[PDB]
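Just one chain follows, in the form deposited in one PDB entry, and it is written as structure tokens.
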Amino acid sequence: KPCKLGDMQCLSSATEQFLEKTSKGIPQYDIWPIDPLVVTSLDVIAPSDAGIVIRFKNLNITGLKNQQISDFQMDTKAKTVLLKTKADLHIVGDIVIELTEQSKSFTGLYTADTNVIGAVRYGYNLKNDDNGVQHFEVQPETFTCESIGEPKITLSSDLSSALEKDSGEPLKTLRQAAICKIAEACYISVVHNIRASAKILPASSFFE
């Protein structure tokens, strides 16, 4: 069902609604599964020390079906979109904490329960079908990680036991950066799906 140009509140729901309905995928439309969302790997540099690298593998992320689109601005002369969200993400994956300057690494599992608030911005333009029908075309966006709330992080006990036995923010800052990096991959994926719906439906569809 269409919105009426201008009504920002109408949109957020259409999107949330799109995200939930399609969130497990639809290959033929290039709509990616985003709940659960799988990230093959993601690397993260310690902000307080570039010799320290967190290597995530197999991140499995749930929660994105349900995120709220709590703010939605479409500017028509500049043709750009600002939008804010919150997701409660449950994250699980393999982790390798790599201390490059010490020639060692520690391995195990990682789990993070966090509520993330962010901002996606992109511009867009109008463009035609082969039949001359107009679609929106959404352009490469940027993602700003506005906050991560107060995360719960757990390390598998083999790892946390290895860490303790070795040392027997940077913290804050490192924990923050990992969540933001992960949130960022999450939203590259969200917007991919927004971008994809825009290919699947005439611009006319999205407003009255």
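Definition used throughout: the rigid core is the maximal C-alpha set that superposes within 1.5 Å between two forms. Just count from 1 along the sequence shown to find any residue number.
Q: Indicate whether the chain is continuous between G168 and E169 or, if not, how many deposited residues are absent from the coordinates: none, 1 to 3, 4 to 9, or 10 or more.
A: Unmodelled stretch: 4 to 9 residues.
Q: Give the stretch, out of 93-101 and 74-82, with the larger mean C-alpha temperature factor in the deposited entry.
A: Averaging CA B-factors over each stretch, the winner is 74-82.
Q: On mean Cα temperature factor in this entry, is 169-177 or 40-48 the higher one?
A: Looking at the record's C-alpha B-factors, the answer is 169-177.
Q: Whose C-alpha has the highest temperature factor in the PDB entry: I200, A185, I194, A14?
A: Answer for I200, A185, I194, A14: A14, with the highest C-alpha B-factor.
Q: Rank-wise, by C-alpha B-factor, drop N125 into the lowest, middle or highest third of its chain.
A: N125: CA B-factor falls in the highest third of its chain.
Q: Grab the CA temperature factor for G149 from the record and place it in the lowest, middle or highest third of its chain.
A: Within its chain, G149 is a highest-third residue by C-alpha B-factor, going by the deposited values.
Q: Please rank the C-alpha B-factors of the chain's modelled residues and tell me whether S156 sits in the lowest, middle or highest third.
A: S156: CA B-factor falls in the lowest third of its chain.
Q: Split into thirds by Cα B-factor across the chain's modelled residues, where does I69 land: lowest, middle or highest?
A: CA B-factor rank for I69: highest third.
Not on display, but discussed next: the form deposited in another entry.
Q: Can we say the CA of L174 moves by at least 2 Å between this form and the one not shown when the core is superposed?
A: True for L174: a C-alpha shift of 2 Å or more.
Q: Using a superposition on the rigid core, decide whether the Cα position of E16 changes by 2 angstroms or more between this form and the one not shown.
A: Shift of 2 Å or more: yes.
Q: If the C-alpha spacing of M8 and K79 moves by 3 Å or more in that other deposited form, is that a move closer or farther apart?
A: Residues separate in that other deposited form, at least 3 Å farther apart.
Q: Considering a change of 3 Å or more, are the Cα atoms of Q9 and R121 closer or farther in that other deposited form than here?
A: Distance between the C-alphas of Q9 and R121: longer in that other deposited form, by 3 Å or more.
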